[PDB]
Amino acid sequence: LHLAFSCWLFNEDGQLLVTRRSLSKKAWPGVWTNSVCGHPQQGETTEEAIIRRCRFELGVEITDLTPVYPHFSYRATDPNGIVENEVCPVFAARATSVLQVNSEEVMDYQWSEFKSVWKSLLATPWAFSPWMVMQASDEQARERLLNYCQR
């Protein structure tokens, strides 16, 4: 389909859930990244897919799903220049239940102040997933994320 999505999940204290992909992920194992990313399955809405993957990867319920970067596209090229292009709209959401993280999906995670995370994405972007860096680097999306919890 070439359809993907990304989710930045916040708690009631306004902290962002930064996750570390498990070592068993085929793609980007062991990398620190925004809360959840994924792809919708057959005849599933983007929203539905986000809810499904938050529940499966993080064991969590969410609310207030809000678009923060609808035009984001993720372009990846391999060492031979084979290109993969996919739309990847970005959303923010609020956690409404305690985490029950699936260790096959996520090996570590931290609730962190978004301002602090951005400091590191600027200083050492290579320590995080490339889509996390590219999503937060858009000024409008970053403003939306910084202000999401305060509405």
Side-chain angles (χ1 to χ4, degrees), residues 2-40 46-47 49-60 62-79 81-96 98-99 101-151:
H2 317 301
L3 303 178
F5 67 80
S6 180
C7 184
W8 294 58
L9 184 70
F10 295 78
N11 68 194
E12 196 80 308
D13 284 355
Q15 291 168 317
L16 171 66
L17 184 66
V18 186
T19 62
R20 193 181 178 214
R21 298 173 58 87
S22 73
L23 299 174
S24 65
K25 300 306 304 177
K26 305 185 161 187
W28 305 94
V31 170
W32 284 100
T33 187
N34 62 283
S35 315
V36 174
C37 58
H39 308 270
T46 304
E47 292 76 13
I50 294 171
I51 289 166
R52 176 172 52 86
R53 295 308 292 199
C54 285
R55 191 176 289 131
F56 182 62
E57 299 179 17
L58 304 172
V60 74
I62 69 177
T63 196
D64 196 21
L65 251 187
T66 300
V68 301
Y69 192 171
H71 297 320
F72 181 66
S73 279
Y74 182 65
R75 148 81 143 266
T77 72
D78 77 14
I82 293 146
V83 163
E84 292 180 7
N85 280 293
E86 62 183 4
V87 294
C88 182
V90 185
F91 293 74
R94 193 84 79 153
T96 64
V98 66
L99 298 179
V101 174
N102 184 334
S103 69
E104 298 186 332
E105 297 297 321
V106 173
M107 62 185 303
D108 199 356
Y109 51 88
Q110 289 282 342
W111 292 105
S112 180
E113 307 296 345
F114 180 93
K115 304 183 213 283
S116 293
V117 172
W118 174 237
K119 286 188 190 157
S120 295
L121 284 171
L122 262 180
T124 59
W126 40 263
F128 301 94
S129 71
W131 59 93
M132 181 186 210
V133 171
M134 297 162 59
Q135 294 171 8
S137 291
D138 179 74
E139 200 280 336
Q140 280 293 288
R142 178 166 72 257
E143 269 197 78
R144 303 186 183 114
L145 286 164
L146 178 66
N147 285 280
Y148 168 67
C149 283
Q150 289 195 341
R151 305 183 192 265

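The first residue of the sequence shown is numbered 1, and numbering continues consecutively from there.
- Atom CG of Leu65 and atom CD1 of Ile50 lie 5.0 Å apart (nearest 0.5 Å).
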Going by atom type alone, with no hydrogens or angles, which donor-acceptor pairs under 3.5 Å involve a side-chain atom of residues 109-116 and a protein atom two or more places apart or on another chain?
none

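- Partners of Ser73 by side chain to side chain contact (heavy atoms under 4.5 Å, CB included), not counting sequence neighbours, listed by chain and number: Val87.
- Applying the ring-ring contact (aromatic ring centres under 6.0 Å, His included) rule to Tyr69 yields the partners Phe72; only residues at least two apart in sequence or on another chain are considered.
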In residues 142-151, what donor-acceptor pairs under 3.5 Å come from side-chain atoms, sequence neighbours left out?
unit_1: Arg142; atom_1: NH1; unit_2: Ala136; atom_2: O; d: 2.9
unit_1: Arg142; atom_1: NH1; unit_2: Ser137; atom_2: O; d: 3.4
unit_1: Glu143; atom_1: OE2; unit_2: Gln140; atom_2: NE2; d: 3.3
unit_1: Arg144; atom_1: NH1; unit_2: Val68; atom_2: O; d: 2.9
unit_1: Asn147; atom_1: ND2; unit_2: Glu143; atom_2: O; d: 2.9
unit_1: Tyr148; atom_1: OH; unit_2: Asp64; atom_2: O; d: 2.7
unit_1: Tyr148; atom_1: OH; unit_2: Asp64; atom_2: OD2; d: 3.4
unit_1: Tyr148; atom_1: OH; unit_2: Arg94; atom_2: N; d: 3.4
unit_1: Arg151; atom_1: NH1; unit_2: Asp64; atom_2: OD2; d: 3.2

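- By the 4.5 Å heavy-atom criterion applied to side chains, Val60 and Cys54 are counted as neighbours.
- Residues meeting the side chain to side chain contact (heavy atoms under 4.5 Å, CB included) test with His2, sequence neighbours left out: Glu86.
- Residues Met132 and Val117 are in side-chain contact: their nearest non-hydrogen atoms beyond the backbone lie under 4.5 Å apart.
- Closest approach of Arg53 to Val36, counting heavy atoms only: CB-CG1, 3.8 Å.
- Shown here for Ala49 and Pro40, the closest heavy-atom pair between the two residues is CB-CA, 3.7 Å.
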Atom pairs and distances, side-chain donor-acceptor, residues 5-24, under 3.5 Å, sequence neighbours left out:
unit_1: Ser6; atom_1: OG; unit_2: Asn34; atom_2: ND2; d: 2.8
unit_1: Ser6; atom_1: OG; unit_2: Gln135; atom_2: OE1; d: 2.8
unit_1: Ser6; atom_1: OG; unit_2: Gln135; atom_2: NE2; d: 3.4
unit_1: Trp8; atom_1: NE1; unit_2: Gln135; atom_2: OE1; d: 2.9
unit_1: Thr19; atom_1: OG1; unit_2: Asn34; atom_2: O; d: 3.3
unit_1: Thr19; atom_1: OG1; unit_2: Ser35; atom_2: O; d: 3.2
unit_1: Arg20; atom_1: NE; unit_2: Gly30; atom_2: O; d: 2.9
unit_1: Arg20; atom_1: NH2; unit_2: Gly30; atom_2: O; d: 3.2
unit_1: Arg21; atom_1: NE; unit_2: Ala27; atom_2: O; d: 3.1
unit_1: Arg21; atom_1: NE; unit_2: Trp28; atom_2: O; d: 3.2
unit_1: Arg21; atom_1: NH2; unit_2: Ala27; atom_2: O; d: 2.9
unit_1: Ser22; atom_1: OG; unit_2: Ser24; atom_2: N; d: 3.4
unit_1: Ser22; atom_1: OG; unit_2: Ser24; atom_2: OG; d: 3.2
unit_1: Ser22; atom_1: OG; unit_2: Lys25; atom_2: N; d: 3.4
unit_1: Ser22; atom_1: OG; unit_2: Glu104; atom_2: O; d: 2.8
unit_1: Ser24; atom_1: OG; unit_2: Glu104; atom_2: O; d: 3.3

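- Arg75 meets the salt bridge (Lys or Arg N to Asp or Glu O under 4.0 Å) test with no other residue; sequence neighbours excluded.
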Check the pair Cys37 / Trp131 against side chain to side chain contact (heavy atoms under 4.5 Å, CB included), numbers first and verdict last.
CA-CA 10 Å; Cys37 58; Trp131 59 93; 3.8 Å; yes
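- Not a single side chain to side chain contact (heavy atoms under 4.5 Å, CB included) links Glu84 to another residue, sequence neighbours left out.
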